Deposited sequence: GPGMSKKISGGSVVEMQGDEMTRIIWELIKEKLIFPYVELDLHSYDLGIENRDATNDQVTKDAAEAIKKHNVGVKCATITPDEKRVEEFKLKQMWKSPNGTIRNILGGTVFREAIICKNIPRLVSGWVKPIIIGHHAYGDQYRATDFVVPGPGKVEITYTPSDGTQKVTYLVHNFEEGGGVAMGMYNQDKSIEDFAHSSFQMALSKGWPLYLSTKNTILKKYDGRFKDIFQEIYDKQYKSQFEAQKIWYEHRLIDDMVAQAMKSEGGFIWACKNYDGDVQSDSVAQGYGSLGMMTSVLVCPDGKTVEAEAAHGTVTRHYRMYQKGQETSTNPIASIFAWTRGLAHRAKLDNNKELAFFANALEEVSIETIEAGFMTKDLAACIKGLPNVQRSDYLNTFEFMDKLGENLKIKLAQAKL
């Protein structure tokens, strides 16, 4: 088997837990040997360890640079009573990002037989977003926002609003330079890693100081640190006003990175393609990545699975979490064998869908869900078997 090296894996919850184990059993473990740092972030085990497993998983990603994560339940009030949780544990994803830093980039997987929301988008678009004290104003009065330098030599007082005719609400927000810089570095690394050009969108016409700082810091870091590496790959970096970016992006064919300063997984859910959207946290050092599906645990399918009904859950996004993590491991290690495997598994997935073997969501995307009949699609396990069979052929032929 391929010697794969150090990968941090995080097990999860409900329907994605099922698919995750299938991915390891049928598509990864038959071909790759991993020095696997495996952490169980299932809700019950987070409860039993008082969420310590989540913090330990994040520490492992930092040490070993490659994380692949299965979808996890984020507790709310009803989860607390469903599992009798000791408390409403915080989102594992927030815990991990707070420890790793970095920027989340989402990317759709595109197949030629599958409609796109914007049909001219024939190459994927990779979108990353940059990730407040608010209060109630009880009645008339001035709200002001002040800055006091550490030396105390000055004191600038900006008027937010003079409320004259009632109360309302107000808020202050901020960003540290370092956070903007990290967002730049991650974005530049994303673009170099994929070999695609990079756009930053802001509303610097309106937030001239706040958003102009994003623009200035991106351009300064580009000029000092990345411009040669971009010109070596014949890619480029530009700023856009968000108004123009949206119009230009919709007239584009795709194949660019879009760093967005002001969600896309919500459009995917509305469109019915969450199972085809992957996600990757990109740390600004360019070394550490955490890959995962953009969707959740798919509870509604899992209740169906629990009741004996047939499930047609799309495993592609979860598969591409593995391939993206392994491809990155291959890049850090110059593992040609691994790189070939990771790429081959992505090709197999797209070839299989493009030959008409797909889950119910993809069939509904072609035909519309009302017109979908059961023979137009495979169920979760049929689809995985077909992918396993096509992966066996593809790897054997080389």
{"item": "Ranges of the deposited sequence (numbered from 1) for which no C-alpha atom is modelled", "value": "1-6, 138-143, 275-279, 416-417"}
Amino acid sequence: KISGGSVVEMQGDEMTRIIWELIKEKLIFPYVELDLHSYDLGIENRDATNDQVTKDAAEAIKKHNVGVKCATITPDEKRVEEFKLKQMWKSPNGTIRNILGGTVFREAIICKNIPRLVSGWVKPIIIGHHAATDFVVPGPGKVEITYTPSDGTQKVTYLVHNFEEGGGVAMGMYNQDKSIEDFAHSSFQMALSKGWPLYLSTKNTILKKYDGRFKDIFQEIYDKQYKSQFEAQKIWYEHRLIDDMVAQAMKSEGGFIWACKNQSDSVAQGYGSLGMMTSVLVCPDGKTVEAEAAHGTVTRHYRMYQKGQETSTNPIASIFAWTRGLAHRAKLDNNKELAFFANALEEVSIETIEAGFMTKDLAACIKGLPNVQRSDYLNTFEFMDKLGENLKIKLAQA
From here on, numbers count along this sequence of modelled residues.
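For clarity, a rigid core is taken as the largest C-alpha set superposing within 1.5 Å between two forms.
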property	result
Farther-lying stretch by C-alpha RMS in 5 other deposited structures of this protein (rigid core fit) among 323-331, 196-204	196-204
More shifted region, core-based fit in 5 other deposited structures of this protein, 278-286 vs 165-173 by CA	165-173
At least a third of the other entries leave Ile110 unmodelled	no
Third-or-more of other entries without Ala131	yes
Higher-B stretch (mean Cα B-factor, as the entry records it), 388-396 or 4-12	388-396
352-360 versus 368-376 - which carries the larger mean C-alpha B factor in the record	368-376
Candidate set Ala108, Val160, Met88, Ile217 [ranked by C-alpha B-factor, highest]	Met88
Options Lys203, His239, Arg213, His295 - largest CA temperature factor per the record	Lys203
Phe83, C-alpha B-factor rank within chain (lowest, middle or highest third)	highest
Relative C-alpha B-factor of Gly139, binned into the chain's lowest, middle or highest third	lowest
Third assignment of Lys26 from its chain's C-alpha B-factors	middle
Position of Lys63 among the chain's modelled residues by C-alpha B-factor, lowest, middle or highest third	middle
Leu338 - Cα temperature factor, lowest/middle/highest third of chain	highest
